[PDB]
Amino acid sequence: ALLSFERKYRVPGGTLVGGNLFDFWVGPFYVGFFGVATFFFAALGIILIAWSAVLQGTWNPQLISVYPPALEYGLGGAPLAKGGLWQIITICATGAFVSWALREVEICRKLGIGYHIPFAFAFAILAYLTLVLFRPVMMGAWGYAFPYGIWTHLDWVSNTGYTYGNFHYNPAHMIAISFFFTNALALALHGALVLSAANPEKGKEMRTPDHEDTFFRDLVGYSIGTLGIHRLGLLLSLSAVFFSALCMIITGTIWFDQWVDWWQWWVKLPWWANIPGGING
């Protein structure tokens, strides 16, 4: 079925591939070529996980875990039972994510809007490929990749982190966290400002953008503006994920020692290295 205003937008065209062939809807969902692609890669990927859950002998969602090949296999293939299913599922997952983004591009073209949403999504895809492709390949083994399981993937985060001491000391991790925290601050403020203006004190008229600008200048002496806050959210969230990928691309490649010890570059600088007192002297 259709939203009351929807019919006038359901025109032909916008497709990147297959002309008018897949140019149709199933209920609310637009299909397109990349809809079919997404269904195929997703269905095959779900079958292979169920198969993996057979060879493992558990139908429990909290136990099922597809592990990469052991480190001894390096960057070669591996028996399905020992990390080959992970290898095929990882291809199927990349296929579905990239298909999903190109499907968003088709939806953009039909609606005559900008491509900002699939561009933003590509950053999430980039982070995933860092952990399961770029970092493993740079390190020489699929084994350095994370397993596909609810609790076993958490186990990997913990072991990978603690391999380099307290992972807090990764300076790209520090910057990534700052963007994640600031993003949430900015999302709370944005949600609250628009709602405080649309939903004022009982009996009063809807406020105006002017009230929203006024409120924030009164509070902190600056208002970024209604276009600015939307630019800022996109930038804060994409930055968090950029620095997330960066913090892990440099971990186990250019830096494989304790992250805490990296900070001696600063402490051992010639002009204060030998001065006594403080914590480091």
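Numbering starts at 1 and follows the sequence shown.
Higher-scoring stretch by recorded Cα B factor average, 72 to 80 or 160 to 168: Mean C-alpha B-factor is greater for 72 to 80.
Given 132 to 140 and 187 to 195, the range whose Cα B-factors average higher in the PDB entry: If you average the C-alpha B-factors of 132 to 140 and of 187 to 195, the larger mean comes out for 132 to 140.
Out of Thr226, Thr58, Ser244, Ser237, residue topping the C-alpha B-factor column of the entry: Out of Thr226, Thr58, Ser244, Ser237, the record gives the largest C-alpha B-factor to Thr58.
Largest Cα B-factor, entry values, listed residues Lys204, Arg103, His173, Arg109: Most elevated C-alpha B-factor of the set, per the entry: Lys204.
CA B-factor ranking of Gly221, expressed as a third of its chain: Its C-alpha B-factor, which the entry lists for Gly221, ranks in the middle third among residues of this chain.
Record-listed C-alpha B factor of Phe180: chain third: Answer is lowest: the recorded C-alpha B-factor places it there.
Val36 - which third its CA temperature factor falls in, relative to the rest of the chain: It falls in the middle third of the chain.
Modelled-residue ranking by C-alpha temperature factor, third containing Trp25: Lowest third - that is where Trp25 ends up once the chain's C-alpha B-factors are sorted.
Chain-relative CA temperature factor third for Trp272: Highest third.
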